[PDB]
Amino acid sequence: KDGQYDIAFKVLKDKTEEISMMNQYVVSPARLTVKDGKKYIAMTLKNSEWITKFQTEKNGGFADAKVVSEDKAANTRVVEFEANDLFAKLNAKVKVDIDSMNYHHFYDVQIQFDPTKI
Ligand code: HEM
Ligand SMILES: [Zn+2]
């Protein structure tokens with residue numbers, strides 16, 4: 001049903017049921033927008049300055065999520081991407097850069113939504 005909803009989720013370490021380090025840097029619940037058969041997720045990233053790339057799987061490939069807003073003062077931003085089956089794991093990729101702590105990596109993670117959770 002068309003509209004905007006809260007949706008809880010967890011970020012999981014690649015190919016596991018373990019909570020990813022990344023989970024610390026996203027806000028749950030996300031906002032799910034349902035619009036004529038399609039589902040979009042708007043998700044807030046914390047420590048935005050550090051997260052230099054964020055991609056999700058779509059059409060067999062990986063695509064940069066759209067940045068729909070940034071809050072420079074809070075150092076957060078909101079990315080938006082499409083989801084299909086809210087009960088299935090969604091593959092994602094993230095690139096992290098922290099110059100001062102010489103931390104420069106990219107990773108694969110899965111996102112797992114839980115439509116039933118409040
Ligand atoms: C000062 C900040 C950070 C520190 C000290 C740190 C430290 C670590 C360490 C030691 C690991 C490998 C050991 C482990 O799995 O716990 C790791 C893995 C990982 N980190 Fe970082 N990290 C930091 C920031 C971030 C940020 C901002 C992200 C955003 C995505 C991130 C995402 C990940 C991911 C996806 C992994 C692979 C394992 C997993 O999914 O849990 N980290 N981090
Ligand atoms: Zn690495």
Side-chain angles (χ1 to χ4, degrees), residues 2-118:
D2 291 13
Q4 296 178 285
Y5 304 82
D6 286 352
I7 183 163
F9 69 90
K10 277 168 185 166
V11 185
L12 305 175
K13 173 179 179 173
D14 186 36
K15 316 221 204 70
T16 78
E17 298 290 334
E18 298 177 69
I19 304 304
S20 175
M21 291 292 314
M22 177 170 183
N23 194 70
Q24 194 159 123
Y25 298 98
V26 305
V27 172
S28 180
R31 289 291 273 170
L32 158 69
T33 297
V34 177
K35 220 301 151 173
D36 288 324
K38 287 201 188 303
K39 307 179 202 71
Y40 309 84
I41 285 71
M43 178 171 305
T44 293
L45 305 173
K46 287 135 78 167
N47 287 89
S48 182
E49 174 180 346
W50 290 353
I51 302 172
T52 53
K53 283 191 175 154
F54 178 72
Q55 301 176 345
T56 60
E57 188 164 32
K58 174 54 167 132
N59 293 332
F62 285 85
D64 299 304
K66 183 187 186 303
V67 173
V68 295
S69 75
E70 308 172 53
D71 186 337
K72 294 297 168 53
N75 186 28
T76 66
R77 78 177 182 273
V78 174
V79 296
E80 173 191 277
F81 52 88
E82 199 175 336
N84 302 261
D85 184 347
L86 298 174
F87 293 92
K89 291 177 174 63
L90 178 61
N91 289 320
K93 290 173 173 300
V94 67
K95 180 175 191 283
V96 185
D97 288 293
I98 314 182
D99 288 349
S100 68
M101 308 170 205
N102 186 51
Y103 182 86
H104 300 282
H105 304 267
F106 52 78
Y107 306 98
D108 290 296
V109 298
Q110 285 76 54
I111 296 157
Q112 183 102 76
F113 302 100
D114 185 351
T116 80
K117 167 115 157 56
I118 65 170

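Both counts, for ligands and for their atoms, begin at 1 and track the order of listing. Position 1 is the first residue of the sequence, and the numbers go up from there.
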For this session: For the pair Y107 and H105, name the ring-plane relationship: parallel under 30°, tilted 30 to 60°, perpendicular over 60°.
Result: parallel

Can you tell me which residue and heavy atom of the protein come closest to [atom], and the distance to 0.1 Å?
atom                    : value
atom 1 (C) of ligand 1  : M101 SD, 3.7 Å
atom 15 (O) of ligand 1 : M21 CG, 4.2 Å
atom 40 (O) of ligand 1 : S20 OG, 2.6 Å
atom 33 (C) of ligand 1 : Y107 CE1, 3.5 Å
atom 3 (C) of ligand 1  : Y25 OH, 4.1 Å

My question is simple, although I want it checked carefully: is [atom] less than 4.0 angstrom from any protein heavy atom?
atom                    : value
atom 30 (C) of ligand 1 : yes
atom 37 (C) of ligand 1 : yes
atom 17 (C) of ligand 1 : yes
atom 5 (C) of ligand 1  : no
atom 25 (C) of ligand 1 : yes

Exercise. Hey, does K13 come in under 3.5 Å of ligand 1, counting only N/O atoms on both sides?
Worked result: no

Could you tell me whether [X] and [Y] have a side-chain N and a carboxylate O separated by less than 4.0 Å?
X   : Y   : answer
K89 : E57 : no
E82 : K39 : no
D6  : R31 : yes
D97 : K95 : yes

For this session: Report yes if some heavy atom in the side chain of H104 is under 4.5 Å from a heavy atom in the side chain of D99; otherwise report no.
Result: yes

With atoms numbered from 1 as shown, which atoms in ligand 1 lie under 4.0 angstrom from a non-hydrogen atom of [X]?
X    : result
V94  : 30 (C)
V96  : 26 (C), 27 (C), 28 (C), 29 (C), 30 (C)
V109 : 35 (C)

Exercise. Is it true that some N/O/S atom of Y103, main chain or side chain, lies under 2.8 Å from atom 21 (Fe) of ligand 1?
Worked result: yes

Problem set entry | For the student: nearest non-hydrogen atoms of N23 and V11, plus distance | OD1-N, 2.8 Å

Exercise. Which atom names give the shortest non-hydrogen contact between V96 and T52, and what distance separates them?
Worked result: N-OG1, 4.1 Å

Exercise. What distance separates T56 OG1 from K66 NZ, expressed to the nearest 0.5 Å?
Worked result: 13.5 Å

For this session: Report the name of the N/O/S atom of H105 located nearest to the Zn ion (ligand 2).
Result: ND1

Problem set entry | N75 versus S48, side-chain donor and acceptor atoms under 3.5 Å | no

